[PDB]
>>> print(open('data-v4.pdb').read())   # PDB, C-alpha atoms and all ligand atoms
ATOM      1  CA  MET A   1       0.000   0.000   0.000
ATOM      2  CA  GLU A   2       0.879   3.681  -0.411
ATOM      3  CA  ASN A   3       0.665   3.942   3.373
ATOM      4  CA  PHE A   4       3.235   1.268   4.209
ATOM      5  CA  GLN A   5       6.968   1.294   3.576
ATOM      6  CA  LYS A   6       8.777  -2.034   3.750
ATOM      7  CA  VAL A   7      11.727  -2.226   6.125
ATOM      8  CA  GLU A   8      12.915  -5.770   5.393
ATOM      9  CA  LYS A   9      11.820  -9.234   4.317
ATOM     10  CA  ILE A  10      10.930 -11.113   7.493
ATOM     11  CA  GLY A  11      10.738 -14.306   5.461
ATOM     12  CA  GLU A  12       8.659 -16.465   3.091
ATOM     13  CA  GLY A  13       5.474 -18.157   4.227
ATOM     14  CA  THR A  14       3.262 -20.538   2.278
ATOM     15  CA  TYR A  15       0.509 -17.991   1.588
ATOM     16  CA  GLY A  16       3.038 -15.448   0.249
ATOM     17  CA  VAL A  17       5.939 -13.288   1.464
ATOM     18  CA  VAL A  18       6.100 -11.508   4.829
ATOM     19  CA  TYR A  19       7.757  -8.101   5.316
ATOM     20  CA  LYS A  20       8.483  -5.961   8.368
ATOM     21  CA  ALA A  21       7.009  -2.598   7.443
ATOM     22  CA  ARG A  22       6.244   0.795   8.975
ATOM     23  CA  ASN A  23       2.806   2.352   8.581
ATOM     24  CA  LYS A  24       3.576   5.835   7.190
ATOM     25  CA  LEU A  25       0.359   6.977   8.894
ATOM     26  CA  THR A  26       0.317   5.607  12.447
ATOM     27  CA  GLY A  27       4.112   5.266  12.425
ATOM     28  CA  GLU A  28       3.665   1.715  13.703
ATOM     29  CA  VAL A  29       5.794  -1.265  12.684
ATOM     30  CA  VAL A  30       3.806  -4.280  11.545
ATOM     31  CA  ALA A  31       4.228  -7.612   9.787
ATOM     32  CA  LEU A  32       3.030  -7.248   6.194
ATOM     33  CA  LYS A  33       1.945 -10.401   4.371
ATOM     34  CA  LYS A  34       1.471 -10.131   0.603
ATOM     35  CA  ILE A  35      -0.570 -12.969  -0.890
ATOM     36  CA  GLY A  43      -9.169 -11.474  -9.277
ATOM     37  CA  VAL A  44      -9.162 -12.579  -5.643
ATOM     38  CA  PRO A  45     -11.810 -15.208  -4.702
ATOM     39  CA  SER A  46     -14.787 -13.568  -2.956
ATOM     40  CA  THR A  47     -15.599 -16.634  -0.859
ATOM     41  CA  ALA A  48     -12.085 -16.260   0.529
ATOM     42  CA  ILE A  49     -12.521 -12.523   1.161
ATOM     43  CA  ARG A  50     -15.443 -13.194   3.504
ATOM     44  CA  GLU A  51     -13.328 -15.914   5.158
ATOM     45  CA  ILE A  52     -10.358 -13.694   5.980
ATOM     46  CA  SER A  53     -12.740 -10.910   6.963
ATOM     47  CA  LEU A  54     -13.741 -13.404   9.655
ATOM     48  CA  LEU A  55     -10.168 -13.634  10.983
ATOM     49  CA  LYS A  56      -9.991  -9.970  11.936
ATOM     50  CA  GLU A  57     -12.921 -10.952  14.162
ATOM     51  CA  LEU A  58     -11.536 -13.795  16.280
ATOM     52  CA  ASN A  59      -9.114 -12.045  18.584
ATOM     53  CA  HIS A  60      -7.276 -13.759  21.440
ATOM     54  CA  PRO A  61      -4.299 -12.879  23.687
ATOM     55  CA  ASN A  62      -2.514 -15.858  22.125
ATOM     56  CA  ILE A  63      -3.307 -15.213  18.462
ATOM     57  CA  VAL A  64      -1.196 -12.762  16.418
ATOM     58  CA  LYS A  65      -3.553  -9.869  15.764
ATOM     59  CA  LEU A  66      -4.618  -9.217  12.186
ATOM     60  CA  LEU A  67      -4.702  -5.427  12.215
ATOM     61  CA  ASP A  68      -5.968  -4.907   8.685
ATOM     62  CA  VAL A  69      -6.813  -6.621   5.413
ATOM     63  CA  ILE A  70      -6.032  -4.630   2.255
ATOM     64  CA  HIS A  71      -7.526  -5.853  -1.016
ATOM     65  CA  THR A  72      -6.401  -3.699  -3.938
ATOM     66  CA  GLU A  73      -5.611  -4.424  -7.595
ATOM     67  CA  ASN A  74      -6.430  -8.121  -7.177
ATOM     68  CA  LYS A  75      -3.633  -8.135  -4.577
ATOM     69  CA  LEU A  76      -4.178  -9.249  -0.983
ATOM     70  CA  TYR A  77      -2.180  -7.664   1.847
ATOM     71  CA  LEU A  78      -2.683  -8.844   5.431
ATOM     72  CA  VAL A  79      -1.339  -6.532   8.114
ATOM     73  CA  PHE A  80      -0.474  -8.323  11.347
ATOM     74  CA  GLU A  81       0.970  -7.084  14.624
ATOM     75  CA  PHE A  82       4.760  -7.414  14.786
ATOM     76  CA  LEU A  83       6.378  -9.701  17.409
ATOM     77  CA  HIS A  84      10.145  -9.705  17.952
ATOM     78  CA  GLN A  85      11.008 -13.399  17.710
ATOM     79  CA  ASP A  86       9.687 -16.822  16.779
ATOM     80  CA  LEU A  87      10.001 -19.974  18.885
ATOM     81  CA  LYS A  88      12.398 -21.651  16.458
ATOM     82  CA  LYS A  89      14.946 -18.862  16.984
ATOM     83  CA  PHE A  90      14.473 -18.794  20.741
ATOM     84  CA  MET A  91      14.961 -22.580  20.869
ATOM     85  CA  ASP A  92      18.137 -22.435  18.754
ATOM     86  CA  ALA A  93      19.450 -19.700  21.073
ATOM     87  CA  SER A  94      18.629 -21.926  24.050
ATOM     88  CA  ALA A  95      20.203 -25.090  22.608
ATOM     89  CA  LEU A  96      23.068 -24.853  25.120
ATOM     90  CA  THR A  97      20.970 -25.217  28.281
ATOM     91  CA  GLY A  98      17.438 -25.549  26.930
ATOM     92  CA  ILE A  99      14.387 -23.444  27.700
ATOM     93  CA  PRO A 100      13.594 -23.534  31.440
ATOM     94  CA  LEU A 101      10.734 -25.923  32.295
ATOM     95  CA  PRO A 102       8.587 -23.140  33.863
ATOM     96  CA  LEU A 103       8.792 -21.213  30.609
ATOM     97  CA  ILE A 104       8.142 -24.362  28.541
ATOM     98  CA  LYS A 105       5.091 -25.046  30.718
ATOM     99  CA  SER A 106       3.961 -21.415  30.334
ATOM    100  CA  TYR A 107       4.256 -21.402  26.559
ATOM    101  CA  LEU A 108       2.424 -24.751  26.298
ATOM    102  CA  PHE A 109      -0.397 -23.471  28.499
ATOM    103  CA  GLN A 110      -0.795 -20.242  26.481
ATOM    104  CA  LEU A 111      -0.785 -22.134  23.182
ATOM    105  CA  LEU A 112      -3.413 -24.540  24.531
ATOM    106  CA  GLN A 113      -5.509 -21.482  25.470
ATOM    107  CA  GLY A 114      -5.263 -20.018  21.989
ATOM    108  CA  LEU A 115      -6.047 -23.403  20.478
ATOM    109  CA  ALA A 116      -9.003 -23.977  22.820
ATOM    110  CA  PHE A 117     -10.374 -20.602  21.632
ATOM    111  CA  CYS A 118      -9.715 -21.392  17.959
ATOM    112  CA  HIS A 119     -11.288 -24.824  18.097
ATOM    113  CA  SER A 120     -14.344 -23.515  19.994
ATOM    114  CA  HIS A 121     -15.035 -21.441  16.888
ATOM    115  CA  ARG A 122     -14.402 -24.409  14.576
ATOM    116  CA  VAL A 123     -11.143 -22.905  13.315
ATOM    117  CA  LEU A 124      -7.986 -24.983  13.111
ATOM    118  CA  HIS A 125      -4.408 -23.938  12.421
ATOM    119  CA  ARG A 126      -3.407 -27.032  10.414
ATOM    120  CA  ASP A 127       0.286 -26.139  10.245
ATOM    121  CA  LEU A 128       1.610 -25.466  13.750
ATOM    122  CA  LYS A 129       5.367 -25.316  14.098
ATOM    123  CA  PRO A 130       8.198 -23.460  15.863
ATOM    124  CA  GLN A 131       8.534 -21.017  12.945
ATOM    125  CA  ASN A 132       4.957 -19.749  13.245
ATOM    126  CA  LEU A 133       4.920 -19.455  17.035
ATOM    127  CA  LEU A 134       5.691 -15.843  17.971
ATOM    128  CA  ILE A 135       6.959 -14.523  21.302
ATOM    129  CA  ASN A 136       7.557 -11.154  22.951
ATOM    130  CA  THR A 137       9.683  -9.826  25.814
ATOM    131  CA  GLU A 138       6.628  -9.916  28.087
ATOM    132  CA  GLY A 139       6.526 -13.701  28.242
ATOM    133  CA  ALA A 140       3.703 -14.249  25.792
ATOM    134  CA  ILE A 141       3.520 -16.618  22.820
ATOM    135  CA  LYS A 142       1.035 -16.419  19.946
ATOM    136  CA  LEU A 143      -0.269 -18.552  17.092
ATOM    137  CA  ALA A 144       0.450 -17.157  13.630
ATOM    138  CA  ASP A 145       0.217 -18.035   9.947
ATOM    139  CA  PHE A 146      -3.003 -20.038  10.151
ATOM    140  CA  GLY A 147      -3.834 -22.557   7.433
ATOM    141  CA  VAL A 163      10.527 -27.124   1.310
ATOM    142  CA  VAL A 164       7.701 -27.293   3.880
ATOM    143  CA  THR A 165       8.379 -29.272   7.040
ATOM    144  CA  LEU A 166       6.361 -32.412   7.758
ATOM    145  CA  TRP A 167       7.816 -32.853  11.255
ATOM    146  CA  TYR A 168       4.653 -31.704  13.044
ATOM    147  CA  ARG A 169       2.135 -33.293  10.717
ATOM    148  CA  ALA A 170      -0.495 -35.493  12.387
ATOM    149  CA  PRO A 171      -0.741 -39.170  11.265
ATOM    150  CA  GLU A 172      -4.316 -38.973   9.962
ATOM    151  CA  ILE A 173      -3.155 -36.222   7.586
ATOM    152  CA  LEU A 174      -0.217 -38.308   6.386
ATOM    153  CA  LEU A 175      -2.621 -41.222   5.857
ATOM    154  CA  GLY A 176      -4.943 -39.243   3.559
ATOM    155  CA  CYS A 177      -7.870 -38.290   5.851
ATOM    156  CA  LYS A 178      -9.416 -35.333   4.029
ATOM    157  CA  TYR A 179     -11.809 -34.303   6.788
ATOM    158  CA  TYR A 180      -9.438 -34.153   9.740
ATOM    159  CA  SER A 181     -10.280 -32.454  13.038
ATOM    160  CA  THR A 182      -8.911 -29.949  15.530
ATOM    161  CA  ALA A 183      -7.000 -32.920  16.965
ATOM    162  CA  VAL A 184      -4.332 -32.326  14.308
ATOM    163  CA  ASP A 185      -3.296 -29.124  16.097
ATOM    164  CA  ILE A 186      -2.946 -30.991  19.395
ATOM    165  CA  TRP A 187      -0.602 -33.472  17.733
ATOM    166  CA  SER A 188       1.568 -30.693  16.247
ATOM    167  CA  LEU A 189       1.724 -28.914  19.624
ATOM    168  CA  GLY A 190       2.628 -32.239  21.245
ATOM    169  CA  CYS A 191       5.576 -32.525  18.862
ATOM    170  CA  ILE A 192       6.636 -28.965  19.617
ATOM    171  CA  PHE A 193       6.309 -29.595  23.378
ATOM    172  CA  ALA A 194       8.634 -32.628  23.204
ATOM    173  CA  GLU A 195      11.132 -30.673  21.070
ATOM    174  CA  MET A 196      11.305 -27.831  23.610
ATOM    175  CA  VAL A 197      12.116 -30.368  26.308
ATOM    176  CA  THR A 198      14.697 -32.591  24.573
ATOM    177  CA  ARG A 199      16.202 -29.959  22.256
ATOM    178  CA  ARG A 200      15.732 -32.291  19.332
ATOM    179  CA  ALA A 201      12.896 -32.718  16.809
ATOM    180  CA  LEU A 202      10.701 -35.671  17.761
ATOM    181  CA  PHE A 203       9.840 -36.889  14.245
ATOM    182  CA  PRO A 204      12.242 -35.212  11.757
ATOM    183  CA  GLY A 205      11.011 -36.905   8.567
ATOM    184  CA  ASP A 206      12.135 -35.655   5.159
ATOM    185  CA  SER A 207       9.325 -37.251   3.114
ATOM    186  CA  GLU A 208       5.717 -38.184   3.918
ATOM    187  CA  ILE A 209       6.601 -41.866   4.115
ATOM    188  CA  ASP A 210       9.813 -41.184   6.068
ATOM    189  CA  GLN A 211       7.756 -38.946   8.391
ATOM    190  CA  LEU A 212       5.145 -41.653   8.802
ATOM    191  CA  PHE A 213       7.728 -44.384   9.516
ATOM    192  CA  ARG A 214       9.591 -42.223  12.056
ATOM    193  CA  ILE A 215       6.285 -41.892  13.918
ATOM    194  CA  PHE A 216       5.669 -45.652  13.521
ATOM    195  CA  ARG A 217       9.148 -46.541  14.792
ATOM    196  CA  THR A 218       8.603 -44.461  17.964
ATOM    197  CA  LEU A 219       4.911 -44.874  18.859
ATOM    198  CA  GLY A 220       4.589 -48.250  17.159
ATOM    199  CA  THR A 221       2.742 -49.052  13.934
ATOM    200  CA  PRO A 222      -0.952 -48.259  14.529
ATOM    201  CA  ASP A 223      -3.455 -51.085  14.124
ATOM    202  CA  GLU A 224      -7.207 -51.477  14.569
ATOM    203  CA  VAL A 225      -6.666 -51.998  18.329
ATOM    204  CA  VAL A 226      -5.162 -48.609  19.198
ATOM    205  CA  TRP A 227      -6.720 -46.846  16.221
ATOM    206  CA  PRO A 228     -10.010 -48.313  15.004
ATOM    207  CA  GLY A 229     -10.564 -47.507  11.337
ATOM    208  CA  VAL A 230      -6.868 -46.850  10.663
ATOM    209  CA  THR A 231      -6.571 -49.737   8.174
ATOM    210  CA  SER A 232      -9.355 -48.139   6.111
ATOM    211  CA  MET A 233      -7.459 -44.853   5.703
ATOM    212  CA  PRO A 234      -6.801 -43.671   2.098
ATOM    213  CA  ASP A 235      -3.008 -44.055   2.182
ATOM    214  CA  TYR A 236      -2.861 -46.963   4.625
ATOM    215  CA  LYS A 237      -0.890 -49.941   3.286
ATOM    216  CA  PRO A 238      -1.528 -53.430   4.706
ATOM    217  CA  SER A 239       2.156 -53.867   3.946
ATOM    218  CA  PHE A 240       3.423 -51.234   6.408
ATOM    219  CA  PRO A 241       6.132 -52.658   8.686
ATOM    220  CA  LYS A 242       4.974 -53.564  12.196
ATOM    221  CA  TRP A 243       7.135 -51.759  14.768
ATOM    222  CA  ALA A 244       6.686 -52.086  18.524
ATOM    223  CA  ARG A 245       5.912 -49.047  20.681
ATOM    224  CA  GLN A 246       9.019 -47.617  22.357
ATOM    225  CA  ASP A 247       9.256 -46.717  26.025
ATOM    226  CA  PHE A 248       8.063 -43.150  26.577
ATOM    227  CA  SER A 249      10.613 -42.538  29.329
ATOM    228  CA  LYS A 250      13.283 -43.141  26.666
ATOM    229  CA  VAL A 251      11.567 -40.812  24.247
ATOM    230  CA  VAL A 252      11.160 -37.663  26.309
ATOM    231  CA  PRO A 253      13.616 -37.495  29.205
ATOM    232  CA  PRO A 254      13.860 -35.753  31.614
ATOM    233  CA  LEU A 255      10.232 -34.708  31.330
ATOM    234  CA  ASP A 256       8.464 -35.591  34.600
ATOM    235  CA  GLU A 257       5.628 -38.110  34.753
ATOM    236  CA  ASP A 258       2.939 -35.404  34.528
ATOM    237  CA  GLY A 259       4.573 -33.958  31.426
ATOM    238  CA  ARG A 260       5.020 -37.352  29.785
ATOM    239  CA  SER A 261       1.478 -38.309  30.728
ATOM    240  CA  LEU A 262       0.173 -35.155  29.064
ATOM    241  CA  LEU A 263       2.380 -35.631  26.039
ATOM    242  CA  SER A 264       1.280 -39.226  25.448
ATOM    243  CA  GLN A 265      -2.325 -37.999  25.482
ATOM    244  CA  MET A 266      -1.515 -35.348  22.882
ATOM    245  CA  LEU A 267       0.185 -37.942  20.692
ATOM    246  CA  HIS A 268      -2.589 -40.549  20.658
ATOM    247  CA  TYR A 269      -2.980 -42.103  17.217
ATOM    248  CA  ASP A 270      -6.791 -42.120  17.352
ATOM    249  CA  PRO A 271      -7.875 -38.486  16.692
ATOM    250  CA  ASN A 272     -10.951 -39.117  18.838
ATOM    251  CA  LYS A 273      -8.894 -40.343  21.787
ATOM    252  CA  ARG A 274      -6.348 -37.515  21.490
ATOM    253  CA  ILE A 275      -6.806 -34.980  24.300
ATOM    254  CA  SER A 276      -8.614 -31.705  23.520
ATOM    255  CA  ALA A 277      -7.004 -28.320  24.148
ATOM    256  CA  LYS A 278      -9.631 -27.515  26.785
ATOM    257  CA  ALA A 279      -9.106 -30.842  28.545
ATOM    258  CA  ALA A 280      -5.324 -30.461  28.404
ATOM    259  CA  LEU A 281      -5.504 -27.167  30.324
ATOM    260  CA  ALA A 282      -6.891 -29.104  33.317
ATOM    261  CA  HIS A 283      -4.064 -31.626  33.295
ATOM    262  CA  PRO A 284      -2.031 -31.970  36.547
ATOM    263  CA  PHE A 285       1.078 -30.838  34.639
ATOM    264  CA  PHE A 286      -0.247 -27.279  34.816
ATOM    265  CA  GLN A 287      -0.873 -27.502  38.554
ATOM    266  CA  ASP A 288       2.065 -25.188  39.197
ATOM    267  CA  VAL A 289       2.007 -23.169  35.988
ATOM    268  CA  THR A 290       3.442 -19.644  36.097
ATOM    269  CA  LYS A 291       4.338 -16.946  33.554
ATOM    270  CA  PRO A 292       8.152 -16.627  33.534
ATOM    271  CA  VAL A 293       9.711 -13.815  31.489
ATOM    272  CA  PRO A 294      11.962 -14.965  28.600
ATOM    273  CA  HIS A 295      15.506 -13.671  28.277
ATOM    274  CA  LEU A 296      15.873 -12.938  24.619
ATOM    275  CA  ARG A 297      18.299 -11.141  22.332
ATOM    276  CA  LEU A 298      16.702  -8.984  19.602
TER     277      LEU A 298
HETATM  278  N1  LIG B   1       9.848 -16.976  11.276
HETATM  279  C1  LIG B   1       9.490 -16.436   9.947
HETATM  280  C2  LIG B   1       9.069 -17.533   8.961
HETATM  281  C3  LIG B   1       7.823 -18.257   9.486
HETATM  282  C4  LIG B   1       6.561 -17.399   9.481
HETATM  283  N2  LIG B   1       6.337 -16.803   8.149
HETATM  284  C5  LIG B   1       4.981 -16.684   7.592
HETATM  285  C6  LIG B   1       4.069 -15.796   8.423
HETATM  286  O1  LIG B   1       2.847 -15.821   8.286
HETATM  287  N3  LIG B   1       4.629 -14.949   9.288
HETATM  288  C7  LIG B   1       3.988 -13.977  10.096
HETATM  289  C8  LIG B   1       2.528 -13.754  10.171
HETATM  290  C9  LIG B   1       2.005 -12.752  11.116
HETATM  291  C10 LIG B   1       2.938 -11.983  11.961
HETATM  292  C11 LIG B   1       4.384 -12.213  11.874
HETATM  293  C12 LIG B   1       4.921 -13.211  10.941
HETATM  294  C13 LIG B   1       6.361 -13.325  11.097
HETATM  295  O2  LIG B   1       7.119 -14.038  10.449
HETATM  296  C14 LIG B   1       6.704 -12.398  12.158
HETATM  297  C15 LIG B   1       5.521 -11.708  12.614
HETATM  298  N4  LIG B   1       5.805 -10.816  13.671
HETATM  299  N5  LIG B   1       7.301 -10.985  13.856
HETATM  300  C16 LIG B   1       7.823 -11.942  12.957
HETATM  301  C17 LIG B   1       9.288 -12.334  12.881
HETATM  302  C18 LIG B   1      10.271 -11.446  13.650
HETATM  303  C19 LIG B   1      11.732 -11.778  13.356
HETATM  304  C20 LIG B   1      12.007 -13.262  13.585
HETATM  305  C21 LIG B   1      11.083 -14.143  12.729
HETATM  306  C22 LIG B   1       9.611 -13.823  13.017
HETATM  307  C23 LIG B   1       7.487 -16.068   7.579
HETATM  308  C24 LIG B   1       8.752 -16.926   7.590
END
>>> encode(input="data-v4.pdb", output="structure tokens", more="lines below")
Ligand SMILES: NCC1CCN(CC(=O)Nc2cccc3c2C(=O)c2c-3n[nH]c2C2CCCCC2)CC1
Amino acid sequence: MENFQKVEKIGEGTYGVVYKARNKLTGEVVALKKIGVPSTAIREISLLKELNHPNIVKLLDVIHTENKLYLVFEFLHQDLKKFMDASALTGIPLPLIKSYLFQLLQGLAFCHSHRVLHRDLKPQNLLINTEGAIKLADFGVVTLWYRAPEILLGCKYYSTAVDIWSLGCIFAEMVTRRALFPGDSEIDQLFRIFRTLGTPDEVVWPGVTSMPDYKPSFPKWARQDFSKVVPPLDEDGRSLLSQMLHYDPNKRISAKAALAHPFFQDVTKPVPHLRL
């Protein structure tokens, strides 16, 4: 727009490029996302500027000019991926990990209550500020690391449970300082999940053998010990995590239910120490 002047390219998303820009009018710095334009979609996005939550990056404005679509979001100073890389030496403190997980579950609970899912949760689209907050951003070579199993198996009508899986993967990563399922292809992704949680069957996941991309020929791996998977997460944390990583989407814990888990008994809001 004629009112915004780009400062620098923040990066490349999947729905277009994102730029850090200054609003020549308000003088504010924002995150500018550049994407005729489908009308059905216009009404959709117009609905995003409506669902506001403390843990959802605010969509300040939606500019639709010359068949171009510009989404103006609030600017946050860092993403979780960066913070985690900067904390690789000692890891993010548990209290802060617990605080971020809680906040993200809150944002998700809100999203899901309005039948809105993220679909592509990952460290790169989780934004944080100096205050100690974390927010969901960029709603739905792309990473497959946080992709839920029903998605990898071809379920077209997946549920809000896919976001819980992704968050579960992010939660484990914050704790061990290592991606849980770092696949580099759908099948590799799938098998890495199978090797760790065991190949799903009709017993733990009824209806799994009737999934679009399910192959009767998939190898049959045994489920690995969870204490070996996510140490030194305490029993409450591992208990919560296992419930977020259930194969059966219907058995997987909901965001609202997860907030009441014992793990958050002693949850606080620590302030992050970050370099900008
Ligand atoms: N970490 C940046 C990559 C992942 C996220 N995308 C796509 C996307 O949809 N980003 C955003 C959507 C709404 C608000 C923001 C961003 C976004 O990227 C960003 C925002 N506010 N602050 C930032 C950055 C600050 C510097 C470190 C990287 C994040 C760009 C590449």
>>> closest_residue(input="data-v4.pdb", among="A:200, A:105, A:129, A:268", to="residue 288 (chain A)", atoms="all atoms listed in the file")
A:105
>>> atom_distance(input="data-v4.pdb", atom1="atom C1 of ligand LIG 1 (chain B)", atom2="CA of residue 33 (chain A)")
11.2 Å
>>> resolve_selection(input="data-v4.pdb", expression="the PyMOL selection byres (((chain A and resi 240) around 10) and not hetatm)", output="list in words")
residues 213, 216, 221, 222, 236, 237, 238, 239, 241, 242 and 243 of chain A
>>> resolve_selection(input="data-v4.pdb", expression="the PyMOL selection byres (((chain A and resi 169-184) around 10) and not hetatm)", output="VMD selection string")
chain A and resid 115 to 116 118 to 120 122 to 129 165 to 168 185 to 191 203 205 208 to 209 211 to 212 215 to 216 222 230 to 237 266 to 277
>>> resolve_selection(input="data-v4.pdb", expression="the PyMOL selection byres (((chain A and resi 253) around 12) and not hetatm)", output="count of residues only")
21
>>> residues_around(input="data-v4.pdb", residues="region 92-94 of chain A", least_positions_apart="3", cutoff="9 Å", atoms="only C-alpha atoms", output="MDAnalysis selection string")
chainID A and resid 87:89 97:99 199 296:297
>>> atom_distance(input="data-v4.pdb", atom1="CA of residue 287 (chain A)", atom2="CA of residue 136 (chain A)")
24.1 Å
